[PDB]
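Below is one structure, written out as structure tokens; comments come after it.
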Amino acid sequence: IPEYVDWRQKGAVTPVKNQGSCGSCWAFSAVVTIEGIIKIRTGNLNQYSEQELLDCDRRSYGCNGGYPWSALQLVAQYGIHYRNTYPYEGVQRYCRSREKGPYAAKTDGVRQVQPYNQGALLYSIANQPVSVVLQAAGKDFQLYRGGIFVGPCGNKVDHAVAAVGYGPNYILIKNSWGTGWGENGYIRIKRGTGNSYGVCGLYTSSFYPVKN
């Protein structure tokens with residue numbers, strides 16, 4: 001369980017993206033999750049469509065609300081297309097999955113990490129990236145243009161992102177905003193403080209598919 005875990009230089013995460021004026025970080029967080037695992041075994045890095053997840057997942061409320069843990073489940077159940085055969089537009093619409101044709105990616109299950117346990121988060125993040133939530137409605141996290149976020153912030157979780165590494169002290173997160181935020185679309189939050197919930201409630205509820 002290395003002292004350092006970066007999947008970027010591991011060839012697991014692709015360039016950064018923006019959800020835009022679409023409340024859809026859940027579907028984006030997911031595509032990165034599935035994505036990671038998909039490349040971890042096969043040795044093939046891919047960019048899947050979040051747009052599809054939006055238009056297809058009726059359980060989620062597309063362009064403004066969702067469950068990073070429906071998306072995944074969805075995929076495993078059905079599947080998911082490339083981000084070319086289903087590029088992101090930013091507006092929820094009619095499911096094209098079927099109309100689009102044969103799927104391209106399809107997992108083999110979804111599991112959740114025991115909330116409120118850093119030790120647990122890491123491990124999984126060590127075996128493969130994960131979808132995690134937190135407080136973004138933040139007025140500080142909103143302004144982050146590089147650094148190690150400690151706060152201030154709260155325990156009112158309401159935005160989903162992704163963890164793509166950690167250090168002895170900083171946890172790495174991929175944001176669904178442009179590369180005109182944090183440190184090039186990236187933000188480092190601090191771990192090991194005692195805060196069980198985890199600063200910004202980053203330890204509330206996390207997840208991930210399964211792959212054979």
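Just so it is clear, none of the values below were taken in a lab; they were calculated from the coordinates. Here the Cβ positions follow ideal geometry from the backbone for every residue, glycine too, while neighbour counts run over all protein chains shown.
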* Structure fact -> Listed by chain and number, the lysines with an alpha carbon less than 16 angstrom from that of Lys190, same-chain partners under 8 positions apart left out, are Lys174
* Structure fact -> Across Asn184, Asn155, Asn84, the residue with the highest GNM fluctuation in the chain (Cα network, 10 Å cutoff) is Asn84
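With r defined as the distance between the Cβ atoms of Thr179 and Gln47 and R0 fixed at 25 Å, what FRET efficiency is calculated, to the nearest 0.05? Intermediate results must be reported in sequence, preceding the final value.
Values: r = 15 Å, r/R0 = 0.61.
That gives a FRET efficiency of 0.95.
At a threshold of 8 angstrom on Cα-Cα distance, excluding pairs fewer than six apart, so keeping six or more, what relative contact order does the chain reach in percent?
Details: 499 pairs, mean separation 55.1, N = 212.
For the chain, the relative contact order is 26 percent.
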* **Rounded tilt (10° steps) of 118-127 against the dominant C-alpha axis of the chain** => 40
* Structure fact -> Rounded to the nearest 500, the 222 nm mean residue ellipticity computed for the chain from DSSP H runs (n ≥ 4, each -39500 (n - 2.57)) alone is -6500 deg cm²/dmol
* Could you work out how far helix 25-41 tilts from the main Cα principal axis of the chain, as a 0 to 90 degree angle to the nearest 10? => 80
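With +1 on the Cβ of every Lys and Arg and -1 on the Cβ of every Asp and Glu, and nothing else charged, how large is the dipole of the chain about its Cα centre, in debye rounded to the nearest 20? Show your work: numbers first, answer last.
Details: 22 positive and 13 negative charges, 30 e Å.
The dipole of the chain has a size of about 140 debye.
What does the convex hull of the Cα atoms of the chain come to per residue, in Å³, rounded to a whole number?
Details: hull volume 22.9 nm³, N = 212.
Hull volume over Cα atoms, normalised by residue count, gives 108 Å³.
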* Treating the angle as unsigned and between 0 and 90°, give the value, to the nearest 10°, between the Cα long axis of helix 68-77 and the longest Cα principal axis of the chain. => 40
